[PDB]
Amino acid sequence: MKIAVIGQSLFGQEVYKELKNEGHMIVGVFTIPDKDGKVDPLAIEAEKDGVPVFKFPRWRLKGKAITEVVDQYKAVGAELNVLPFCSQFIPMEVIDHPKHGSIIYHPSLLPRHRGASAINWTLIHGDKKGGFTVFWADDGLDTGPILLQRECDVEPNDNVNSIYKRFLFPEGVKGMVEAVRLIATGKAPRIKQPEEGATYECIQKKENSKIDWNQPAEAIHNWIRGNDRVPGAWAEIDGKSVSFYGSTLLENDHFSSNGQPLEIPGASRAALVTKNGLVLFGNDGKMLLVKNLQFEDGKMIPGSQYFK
């Protein structure tokens, strides 16, 4: 069928490539503008194949569909919209235009963790199960009926990057392909998201990823890994904003005070700079080990090297 891909990044690119190689006609690609001479991988792949590429900075203005970009989108005659990591709300004029409507990839088990940072909040909350959903776009935000859903286990030391690379990206690409295949045969279902279990969390940015030291070690662990690598959990140390990466929960070594003590504004007790990284304490007296640190305008350095 004729497909318009509305999205961005490598995930969008791979979904594009896989749908193309299943024989679908990509009549158009709608991604984000170039940033600093960097072209989105989805736009790069499509232009190569000779597929129309659009880079609208926005779809709506004054809470109303921009008619010119709606007309440019309509022109390619999509029979189905596919939205692999689309960062903006798409007007219903566009969503409802194709014969088959529009499907969206969401990296959480909907209705849980609606929102733009679902993977982060999966880990911040300490969820044991994660996964992705393919759902039909409607007029709300991540509220549309489910087409298919796939689960995976969340590992205790998973960060955003590890669970994305291991499962959410590669199985997500397959999920989108399978969904399009189900639509092509008319078998794709529409399961209304249940009320029970619906949550929504705000997008994670640097501003709201600051660490709260007054939790048990496990909760701090979840916060750090839930924002690793982006946008990076951080806290003030020595009047510097320091970001934390590569947290693992730790039983031993205890203490061992073989490491070098580091005072941290607001922590339950002093951290420890050790051979294997920065040991931090939660208010339960238990430990997590942070392997990598980062200062404002700087490359990552090992936690072991904080003083050096």
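The first residue of the shown sequence is 1; numbering continues from there.
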{"property": "Comparing 103-111 with 72-80, the one whose average Cα B-factor in the PDB entry is higher", "result": "72-80"}
{"property": "Higher-B stretch (mean Cα B-factor, as the entry records it), 220-228 or 82-90", "result": "82-90"}
{"property": "Out of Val279, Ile26, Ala267, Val53, highest CA B-factor residue", "result": "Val53"}
{"property": "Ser257 by Cα B-factor - lowest, middle or highest third of the modelled chain", "result": "highest"}
{"property": "Lowest, middle or highest third - CA B-factor, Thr31", "result": "highest"}
{"property": "Chain thirds of CA B-factor: placement of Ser243", "result": "lowest"}
{"property": "Cα B factor band for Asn208 (lowest, middle or highest third within the chain)", "result": "highest"}
{"property": "Record-listed C-alpha B factor of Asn157: chain third", "result": "lowest"}
